[PDB]
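Here's the structure we're looking at; comments come further down.
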Amino acid sequence: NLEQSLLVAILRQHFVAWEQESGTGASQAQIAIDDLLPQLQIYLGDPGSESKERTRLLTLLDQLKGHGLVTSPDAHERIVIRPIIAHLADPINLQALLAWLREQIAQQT
Amino acid sequence: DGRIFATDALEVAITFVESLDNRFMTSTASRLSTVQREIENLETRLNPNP
Amino acid sequence: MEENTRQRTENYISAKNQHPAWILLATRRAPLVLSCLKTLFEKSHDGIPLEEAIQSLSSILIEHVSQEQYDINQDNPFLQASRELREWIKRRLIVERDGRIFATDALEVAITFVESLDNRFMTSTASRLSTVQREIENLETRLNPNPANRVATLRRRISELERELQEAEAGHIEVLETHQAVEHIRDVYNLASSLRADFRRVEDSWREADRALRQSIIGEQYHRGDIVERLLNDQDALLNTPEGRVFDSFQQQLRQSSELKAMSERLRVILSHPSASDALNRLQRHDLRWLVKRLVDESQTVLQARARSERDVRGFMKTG
Amino acid sequence: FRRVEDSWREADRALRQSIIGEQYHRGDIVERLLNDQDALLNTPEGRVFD
């Protein structure tokens, strides 16, 4: 789902950063929950209630766990981005997604 | 953080209704004296002449 | 009493249904009305001659020709202004007296709200935290009558001021940096401009007292029984405690013409500093420059109004 | 107090939108990071509050 794909893109960006800084061997491609809420605030809007946006973010992360791209939050409100993401969003698929999205925008015009 | 707050939009709105009828008078002797002291303090601080 | 909160809810309902300020802000045309009224009353010093008001309002309506969505007609702005002034006088947010129009308390409150919506001057500032510090320091010295405390406060403040003088003699003086000067000028303008706020309300209070007195006189089938209590004293019959006495005390300070003489020079000296170019826009500079004269003129008008009402009610307890 | 927060949050959103928009510029971000000052320099409110 599109809104899930947005979060997938954000997670993939963090994944490439972490992988390029650590090397591919390390297994802890982690991110803190609080770091994603500002990211989503730009796109999905601000509901003025930390609880509502946290619930939204956790629902999205759960729906992605259903796909296997992320684990559930641990005790420190941190998630591990499963490496499968690198294969889900790779250049061959990102190019197709961009092509689809540009057509959607053109239709919106 | 689990606690509600009143945004500025609500603060202004409340300040409006509460200023309709029974607001404290500002056109008072005390305020007119206060402006004297404040003007004097500002004057003593703006000019550089020792 | 906790039922005072429910009574307050009732008060809010009554204000919503009866107060001109809240009535105006709820209408669909409120933005246009408020903009026009502010543009009309912004430059003025004391009221507006009615004919002068019509021309300015017509010119403003012409400025709003492109705003045809509010029925701003091009055929005759003079007639439109004449209609609008009576429309607003009927809403008793502007009043007609002595051949000039004024802004009543409701319009003042509405404009203060609208222009405090977004770009209001900051009140949470270091300058005001120094101002309240000074004022609260001063009040205590006058609230307690103990002589030892008073002499101790005076003889410690003397030492503080003496040390500061000794430091200034050595040349350690320092002036405000640009941003502090800007902030202080803004705070002082915010303070000074608030003196003019309540003139339009003292008159309403005095008129209310006059109407109450006349209602009490007429409501007793035998006036002589109560007229004795009123005419036994030569002092003003408009004994309005809530606001009249506060305004009288404020006058008791205004008439000290020496302070006004000093202020007239000090304000223009302050406005001469280069930083005043940025802290206050042109309109605010104008208002702060003439504030000293404006307060005195407004006070004279208000005093004349009280004199008229008192004289014409004294001409009524008699012959009754 | 309730308006300084809104101003800072608005500055934050503007900064993030600018970062996203500049798809091909690293100079601005490296300039921001090397600076010792806080990234959210909302002059009209932040400095007065400080």
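As you go down the protein sequences, you meet chains R, S, W and F in turn.
Each residue of the first sequence is one higher than the one before, starting from 20 at the first, in this note's numbering.
Each residue of the second sequence is one higher than the one before, starting from 130 at the first, in this note's numbering.
Each residue of the third sequence is one higher than the one before, starting from 130 at the first, in this note's numbering.
Each residue of the fourth sequence is one higher than the one before, starting from 1200 at the first, in this note's numbering.
Virtual Cβ for every residue (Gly too), placed ideally from N, Cα, C.
| Item | Value |
| --- | --- |
| Against chain F: residues of the segment 134-163 of chain S by CB proximity under 8 angstroms | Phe-134, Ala-135, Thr-136, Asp-137, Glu-140 |
| Cβ pair W:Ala-310, W:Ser-404 closer than 9 angstroms | yes |
| Below-9 angstroms beta-carbon distance, R:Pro-57 vs any chain B residue | Among the chains of the structure shown, chain B does not appear; the protein chains present are R, S, W and F. |
| Exposed unless 16 or more other CB atoms sit within 10 angstroms - verdict on R:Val-27 | buried |
| Within-9 angstroms CB hit, W:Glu-312 to chain F | yes |
| Run of the beta strand (DSSP E) containing R:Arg-97, from where it starts to where it stops | 97-99 |
| Interfacial residues, the segment 1201-1216 of chain F to chain R, with Cβ spacing under 9 angstroms | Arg-1208, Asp-1211, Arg-1212, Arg-1215, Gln-1216 |
| Contacts of residue 1251 of chain F in chain W (Cβ-Cβ under 8 angstroms) | Because chain F spans 1200 through 1249 in this model, residue 1251 of chain F falls outside it and cannot be assessed. |
| Distance CB(W:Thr-260)-CB(S:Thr-163) smaller than 9 angstroms | yes |
| Where S:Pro-177 falls: helix, strand or coil (DSSP) | coil |
| W:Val-224 versus W:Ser-401 - alpha carbon distance | 37 angstroms |
| Cross-chain neighbours of W:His-402 in chain S, by beta carbon under 9 angstroms | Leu-175, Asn-176 |
| Any non-hydrogen atom of the ligand SAM closer than 8 angstroms to W:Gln-382 Cβ | The ligand SAM is absent from the structure shown, which contains no ligands of any kind. |
| Proximal residues of chain S, C-beta to C-beta of W:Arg-286 below 7 angstroms | What W:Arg-286 touches in chain S: nothing, since even the nearest Cβ is about 14 angstroms away. |
| Helix, strand or coil at W:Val-431 according to DSSP, with G and I counted as helix | helix |
| Coarse secondary structure for W:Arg-226, derived from DSSP in three states | strand |
| CA-to-CA distance, W:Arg-263 to W:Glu-298, given in whole angstroms | 24 angstroms |
| Whole runs of the alpha helix (DSSP H) within the segment 304-353 of chain W, excluding any shorter than 4 residues | 307-322, 328-347 |
| Residue burial classification, R:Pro-110 (beta-carbon count within 10 angstroms, cutoff 16) | exposed |
| Nearest-angstrom Cα separation, counted from W:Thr-252 out to W:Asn-140 | 29 angstroms |
| Where the beta strand (DSSP E) containing R:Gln-49 begins and where it ends | 49-51 |
| Exposure of R:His-106, with buried meaning 16 or more beta-carbon neighbours within 10 Å | exposed |
| Cβ shell of W:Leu-412 (< 7 angstroms), same chain only, five flanking positions each side left out | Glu-171 |
| Proximity test, Cβ basis, 9 angstroms: W:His-308 and chain F | yes |
| 4-residue-minimum alpha helix (DSSP H) runs that sit fully inside the segment 33-75 of chain R, ordered along the chain | 55-63 |
| R:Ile-61: contacting residues in chain F (beta-carbon distance under 9 angstroms) | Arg-1212, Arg-1215, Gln-1216, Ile-1219 |
| Whole-angstrom distance between R:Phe-34 and R:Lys-84, CA atom to CA atom | 16 angstroms |
| DSSP three-state assignment for W:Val-194, whether helix, strand or coil | coil |
| Under the three-state DSSP convention, the category W:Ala-232 falls into | strand |
| Exposed unless 16 or more other CB atoms sit within 10 angstroms - verdict on W:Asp-234 | buried |
| Cβ pair W:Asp-175, W:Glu-427 closer than 9 angstroms | yes |
| Buried or exposed (CB count within 10 angstroms, at least 16 for buried), W:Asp-407 | exposed |
| Contact with chain S by W:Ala-297, beta-carbon distance below 9 angstroms | yes |
| Beta bridge counterpart(s) of R:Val-89 as assigned by DSSP | R:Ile-100 |
| Residue range of the unbroken alpha helix (DSSP H) whose run includes W:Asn-202 | It is not in any alpha helix (DSSP H) - W:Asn-202 carries neither H nor E in the DSSP assignment. |
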